[PDB]
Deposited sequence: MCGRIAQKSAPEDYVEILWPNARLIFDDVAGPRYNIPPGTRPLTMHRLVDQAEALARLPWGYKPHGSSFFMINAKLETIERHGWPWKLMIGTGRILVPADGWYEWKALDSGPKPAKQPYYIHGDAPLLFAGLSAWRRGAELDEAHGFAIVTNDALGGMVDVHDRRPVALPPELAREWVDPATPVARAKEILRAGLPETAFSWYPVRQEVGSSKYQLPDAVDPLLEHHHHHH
């Protein structure tokens, strides 16, 4: 999951996660890591919120820029997600995401970008290292929880994002739910039979990690 789309009105995301319970910069059809995508969470004083957090986690002691959090590493309670599975659980709303389909082998292969989506806004499970009073830098960025085992929805070398039903999504962001319960929820992601996709004909990028010139 190297690119997502947030084109619906922000109030629509809240309505789906927190039905009946209200809480500007324009819609973004092409969102890569390193930006501040809209997110929903209860990280500060259990309060429900809709704010922009930095996408892309950079551990204090490494030069890694983690954008996805491997489901299994979270299950086996491994580094570094074991440090956020308890208090850094967030949701990243999205109308869909992009995956590039390798059209050939060899170096710098021609890739065909695809757009994947559902019948309504998706609630991607995520983990963030940001906390109240902390700066909005890579040191406090987040990663989208991905289901590596099944690869991408179209590109077998990508990692599909774990989308959760509204009911489970609420439990995920609820600071009261124990880490044990959080791990279970993580594998209840929406099945592929709930998404459709098409090849994007416009310019969106040459690869997952290649922004459009």
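**Ranges of the deposited sequence (numbered from 1) for which no C-alpha atom is modelled** = In the chain as deposited, 1, 25-28, 219-231 carry no coordinates.
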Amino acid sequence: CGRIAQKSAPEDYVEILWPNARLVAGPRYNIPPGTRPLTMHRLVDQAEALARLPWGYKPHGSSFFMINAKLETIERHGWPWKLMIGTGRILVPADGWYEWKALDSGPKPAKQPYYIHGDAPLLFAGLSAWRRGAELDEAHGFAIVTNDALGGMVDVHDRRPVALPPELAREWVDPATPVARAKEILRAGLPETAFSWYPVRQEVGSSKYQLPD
From here on, numbers count along this sequence of modelled residues.
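**Request:** Output the stretch having the higher mean C-alpha B factor in the entry; the candidates are 199-207 and 185-193.
**Result:** According to the PDB entry, the answer is 199-207.
**Asked** So which stretch wins on mean C-alpha B-factor, 26-34 or 173-181?
**Response** Higher mean C-alpha B-factor in the PDB entry: 26-34.
**C-alpha B-factor winner, where the candidates are 117, 131, 111, 89** = By C-alpha B-factor in the record, 111 ranks first.
**Message:** Highest Cα temperature factor in the entry, among the options 126, 106, 93, 141: which one is it?
**Reply:** Most elevated C-alpha B-factor of the set, per the entry: 106.
**Ranked C-alpha temperature factor of residue 17 among modelled chain residues, by third** = Its C-alpha B-factor belongs to the middle third of this chain's values.
**Asked** Ranked by Cα temperature factor within the chain, is residue 121 in the lowest third, the middle third or the highest third?
**Response** CA B-factor rank for residue 121: lowest third.
**Prompt:** Which third, lowest, middle or highest, does the CA B-factor of residue 46 fall in along this chain?
**Reply:** It belongs to the middle third of the chain when residues are ordered by C-alpha B-factor.
**Item:** Relative C-alpha B-factor of residue 69, binned into the chain's lowest, middle or highest third
**Value:** Answer is lowest: the recorded C-alpha B-factor places it there.
**Asked** Which third, lowest, middle or highest, does the CA B-factor of residue 54 fall in along this chain?
**Response** It falls in the bottom third of the chain.
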